[PDB]
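A lone chain, given as structure tokens: the form solved without this ligand.
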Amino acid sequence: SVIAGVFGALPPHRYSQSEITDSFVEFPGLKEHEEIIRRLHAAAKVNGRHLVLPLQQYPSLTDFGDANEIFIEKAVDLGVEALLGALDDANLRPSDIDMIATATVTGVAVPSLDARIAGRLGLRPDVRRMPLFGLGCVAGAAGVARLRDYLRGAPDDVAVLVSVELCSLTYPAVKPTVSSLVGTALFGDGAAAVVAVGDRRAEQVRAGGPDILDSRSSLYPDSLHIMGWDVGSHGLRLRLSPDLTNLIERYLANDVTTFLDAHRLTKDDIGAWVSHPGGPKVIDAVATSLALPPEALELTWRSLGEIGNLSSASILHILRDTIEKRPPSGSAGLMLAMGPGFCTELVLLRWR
């Protein structure tokens, strides 16, 4: 399988980190925690973020019903904008799509996003639907792996992954507890789409982006608590452990090497790293444990600073960013993501 188009889409409201913090500190029930909020927002190394709602609308977003409704309205059109952009990058059409995978962790939609996006964009009624929910930040790498897994048995097919993460809209569940504030410093809104295509279909559509060669999921034992949501009446509340960093440093190099040994490869044999940004400590951790030079994660740091942590869609934004960089032809690309599980997901890429 080979990527034919990537496309990130963001809501048009872009705010500075400063503008967001300055306003956020003045939100109901928050002024008291200004010190830690500024600390956390500054330490986040996010310089700005696209929000789906005008910044000053958030204090009014206290109801999970409203929020999740706005999510469904906004997720789909961010999703279709993303999909179309990738469809056009692949010079393909909605009718060309044979399967659609949808990745979100930040909203609950039944009928799922894929159903609604497929409605909007006029996909064939018999598109295969794969609504992925609960992969979280890992869903961008994992979604790409699942496309491979699909196209592997359907060489003529077009399979799309649409990630939409509207982190902002989980605001109803946000309280001045440090974990929620950590998330309030890092997470922004945005969608992204990957149009992938089978090997046979590849030459017909002049498929540009990288070949998706292989993936390896890595579920860590006894680590449910590391990451995820505590779901409740006030909605999706971030659970996020400080232990996470130490899981990376202990075990990521192991995942990255066992997967790379399977391909007669090394750390140095990879031409562009495509890493999810949990936040700076996370980026430092994978950089440190994988003994990565500064340049290797620069795009994901740049993406972090430009649009923040978009969860699933992040790794697909920096994948789109790294594609535009045009890295060495035929060189190994390595998607690395991680999320609730706790798990990590390596995806072996090959660039053109």
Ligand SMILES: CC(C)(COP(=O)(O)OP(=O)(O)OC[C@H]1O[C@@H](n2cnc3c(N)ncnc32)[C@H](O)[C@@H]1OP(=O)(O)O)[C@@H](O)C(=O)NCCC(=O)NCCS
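The first residue of the sequence shown is number 1, and the count goes up from there.
Below: the form solved in complex with this ligand, not depicted.
Asks: Quick check: superpose the C-alphas round the site, drop in this ligand from its position in the entry with it bound, and tell me whether this chain leaves it open or blocked (blocked if 3+ atoms sit within 2.4 Å of backbone or C-beta).
Replies: Open.
Asks: To test your reading of this chain, name the stretch in 89 to 97, 273 to 281, 121 to 129, 207 to 215 whose heavy atoms come within 4.5 Å of this ligand in the entry with it bound.
Replies: Stretch with heavy atoms near the partner: 273 to 281.
Asks: Would you check, heavy atoms only and a 4.5 Å threshold, whether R302 touches this ligand in the entry with it bound?
Replies: So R302 does not count as contacting this ligand.
Asks: Does this ligand come within 4.5 Å of any heavy atom of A44 in the entry with it bound?
Replies: Yes, contact at 4.5 Å.
Asks: With a 4.5 Å heavy atom cut-off, would you call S179 a contact of this ligand in the entry with it bound?
Replies: Close contact exists here: in the entry with it bound, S179 approaches this ligand to within 4.5 Å, heavy atoms only.
Asks: Taking heavy atoms and a 4.5 Å cut-off, does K31 contact this ligand in the entry with it bound?
Replies: No, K31 sits far enough from this ligand in the entry with it bound that none of its heavy atoms falls within 4.5 Å.
Asks: For the spot marked by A141, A145 and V195, is every residue within 4.5 Å of this ligand in the entry with it bound through some heavy atom?
Replies: No, because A141, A145 and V195 lack any heavy atom that approaches this ligand to within 4.5 Å in the entry with it bound.
Asks: Between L186, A101, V158, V80, only one gets a heavy atom within 4.5 angstroms of this ligand in the entry with it bound; which residue is that?
Replies: Checking each option against this ligand in the entry with it bound, the one that comes within 4.5 Å is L186.
Asks: Check each of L244, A154, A202, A115 and return the one that places a heavy atom within 4.5 angstroms of this ligand in the entry with it bound.
Replies: Only one listed residue qualifies here, and that residue is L244.
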